[PDB]
Structure formats: structure tokens, C-alpha cells
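Taking it in order: structure first as C-alpha cells, then the write-up.
Cβ: placed from backbone, ideal geometry, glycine included. Neighbour counts: every protein chain shown. Derivation of every value follows stated rules applied to the coordinates shown; laboratory data play no part.
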Amino acid sequence: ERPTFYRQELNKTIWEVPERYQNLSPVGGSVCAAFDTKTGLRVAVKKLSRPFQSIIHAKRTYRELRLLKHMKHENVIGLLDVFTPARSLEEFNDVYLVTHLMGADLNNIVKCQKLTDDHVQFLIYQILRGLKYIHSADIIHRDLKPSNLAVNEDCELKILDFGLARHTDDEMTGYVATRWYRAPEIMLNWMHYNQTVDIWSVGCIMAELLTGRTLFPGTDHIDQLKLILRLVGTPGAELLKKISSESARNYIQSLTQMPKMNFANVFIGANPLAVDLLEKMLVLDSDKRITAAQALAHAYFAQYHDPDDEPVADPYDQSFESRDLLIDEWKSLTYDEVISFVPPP
Ligand SMILES: C[C@@H](CS(C)(=O)=O)Nc1ncc2cc(Oc3ccc(F)cc3F)c(=O)n(C)c2n1
């Protein structure tokens, strides 16, 4: 039945959680670390801030829950629990999400230094494993960066940050990590983008782990494209046709043409197989980028690749994305998803 909830003021909000969650402590809606006495796990508990304040917000809330409930993979963030203190739909106003407490993100691990090749193999392998599973469900991360990759002591990695509001124009401006890992087509809105935007991001991450340095640290959007094009070459006629934005295409043709650089001269001392893979991921034309499934099969991951141990996901119905509903309707849909939740084994 319904557990007993207890109340507590933490990060400026009154948190109301089942008794099973103890020793709540703020770590940054807002988030608390806790001990789940029922599982023995240290957990992170997110209370969503005004989850139903607008259609936009109620729909984002539904998206996040839908996304988190679908994820059942070792290398992807999973939902341990979701709850509301509410007894009915009419009383329903607050949503709490529970996941594993993560130790350190990839920024904490890389920290301005090169990693050993085997460490890079292992980390990128797991990212690609998780991405294969995510992409098989037609889900795109869109925001892959080191701060969204959490790792434990054994270097066991999970992809985080699903259904978030996604960064506004102001936090994509300037010399910012929020933009350095974004594919060019999505950074400058060239065209309708596909799953391989995430592969660009993996390339940027993998290069950073190899060299200890941000690959494309642009001071702004234009600076960044210039760094990108200096490495990968200016686009050919084939790709230009695909840039459906006429203004964007017009700006590209203004730039002095440049050939693709020799990656072995850029990533000096690196595994030739790492270099080869980097070249296949950092392809300007998204149509020609390596997929997660293809990259897992690349010779660079010979020691980890197991086709029988790289599962796909169940189908994810996202028809709701193109649906127009009122706040109360997204709220009722969200409520059904809270009450129907079945905890992992
Ligand atoms: C000390 C840090 C290391 S870090 C930043 O993960 O690298 N630990 C940690 N662990 C897990 C989360 C989960 C978060 O968000 C959630 C997402 C889905 C949920 F179901 C529940 C959540 F709380 C979150 O916002 N933070 C800040 C977290 N922090």
C-alpha cells in the first residue's frame, strides 16, 4: 500500500518522502543524496520545481518521467523509484525521482590530463554501448558532454541527463563547455538532425580523454565552427545541398576552403586505431558518420566488444511529442506514469 511519508525542509523547499529514504542531504528541480533503507543503496532524489506551471513545463515533466522509466541498461541512468505524497489526481502537484547516487563525472576524472589508452577504450566503449541502446529506441541524447557522464570506482560509466529543459541561448553563448561538444549542424541549426549528433559528441569527448584538452574550445559559435572546419575540412558541394537553412549555407560558402587535416599529426602518439575511429566519428556530414552499432564493431574495442552483450532497447513510443494538450492533461498523463511504476529487481 501507500508508505508513510515524512516532511523535512532541505534546499529551501519542504521535501515529503517515504520513510525508507533517510539522511537526506542537499547536493544541488533540486537534488538530495539519501540512504534507501529498503535497498541499501545510496540514492539521489530529485524534487521537480513547479512541474506543472505551464504547458511547456507539464510536458517537459512528462517527457523526463517517460524517458527515465524506459531506460533499462547498465550504461544509462535508471529509475529506482518515483513517488508523490498525493493520494489522488486532484491532490497531485509534486514529483520526486530517485536514481543511484553517482560518484564523479568525467570532468573529475580527465582533469587536464591524458588518460591511458586502455582507460579511453573502456570509457568510450561503455558510452557507445549506452548510446547503441538509446539510439535503438529512436532516442537522441542531444546534450552529451563529460558532465553528463558519471563513473564509479571501477570506472563503470552511466549516461545521465534525460528530459532536461535543454540549454537556453544565454548558456550556449561564449567560451562554454555547454557548446563545445555539440555537432555543427545542431549548433548552427543547419538541417533536421539525426542520431549521429551524439556520435560527434563522443568524438569530442574521446579526443579530450586522449589529449587532456578540449578539442573545439570555441570562444563563440563562429570561433568554434572555424576550429571544427580547420580540423575536418570545409564542406563539399554534397553537404552544402543538405544545409536546408539558406542563410547558414550562404555563410559557409563565404569561408576560405580548407582540406581535412591529417589526424595522426593532430593526435600525436595516439593509437592508430583510436585515430581511425576519431576520423569516422568526426565527419562533418551527419549522413556519413559512424553509428554507435558500427563503432562498437570497430577494431579499437576488440578487447571489450561482445555483440551478444550489447543489447537494444524496447520500442519507445514518443507520439506524445507532437501532441497538443492542456496542463491538466499532461498532469494526468504524468500521474498515471507515477502510479504505474514498477521498481527494478
Ligand atoms: C555527487 C553527484 C555526482 S554527479 C553530478 O552525478 O556526477 N552525484 C549525483 N548522482 C545522481 C544525480 C542525479 C541527478 O538527477 C536525477 C536524475 C534522475 C533521477 F531519477 C534522480 C535524480 F536526482 C542530479 O541532478 N545530480 C546532481 C546527481 N548527482
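If you project the alpha carbons of segment 22-160 onto their three principal axes, what span does each projection cover, largest first, in Å?
55, 36, 26
Compare the Cα positions of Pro235, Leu65, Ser254 along the charge dipole of the chain (+1 at Cβ of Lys, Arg; -1 at Cβ of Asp, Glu; about the Cα centre) and return the one farthest towards the positive end.
Checked the options; the winner is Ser254.
Cα to Cα, under 19 Å, and not fewer than 8 places away if on the same chain: which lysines meet these conditions relative to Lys114?
Reachable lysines: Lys145.
Treating the beta-carbon of each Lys and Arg as +1 and of each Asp and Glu as -1, no other charges, what is the dipole magnitude of segment 104-312 about its Cα centre, to the nearest 20 debye?
The calculation lands at about 720 debye.
Ranking request for peptides 237-246, 41-50: highest mean number of other beta-carbon atoms within 10 Å first, then the rest in descending order.
In decreasing order of mean packing, 237-246, 41-50 become 41-50, 237-246.
For n ≥ 4 DSSP H runs only, could you compute -39500 (n - 2.57) per run for the chain, divide by its residues and tell me the 222 nm figure to the nearest 500?
Helix contribution divided over all residues of the chain: -10000 deg cm²/dmol.
Under 14 Å from a label point 7 Å along Cα→Cβ of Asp161: give me every residue in segment 101-135 with its amide N that close.
Of the residues in segment 101-135, 105-108 have backbone N under 14 Å from the label point off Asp161.
How much FRET efficiency would the formula 1/(1 + (r/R0)^6) give for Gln294 and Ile55, where r is the Cβ-Cβ distance and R0 is 35 Å, rounded to 0.05?
The pair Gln294/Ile55 has a calculated efficiency of 0.35.
Compute the label zone of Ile268 within segment 90-115: residues whose backbone N is under 18 Å from the point 7 Å along Cα-to-Cβ.
113-115
Please get the size of the charge dipole for segment 146-201, origin at its Cα centre, with Cβ charges of +1 on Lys and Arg and -1 on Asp and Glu, quoted in debye to the nearest 20.
For this selection, approximately 200 debye.
Using only alpha-carbon positions, what ratio does the radius of gyration of segment 91-228 give when scaled by 2.2 N^0.38 Å?
Here the answer is 1.09, to two decimals.
List the extent of the Cα atoms of the chain along each of their three principal axes, largest first, rounded to whole Å.
65, 44, 37
Dividing the alpha-carbon Rg of segment 54-110 by 2.2 N^0.38 Å yields what?
Dividing the Cα Rg of segment 54-110 by 2.2 N^0.38 Å gives 1.42.
So what's the net charge close to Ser286: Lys and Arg +1, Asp and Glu -1, counting the other residues with Cβ under 11 Å from its Cβ?
Result for the neighbourhood of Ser286: -1.
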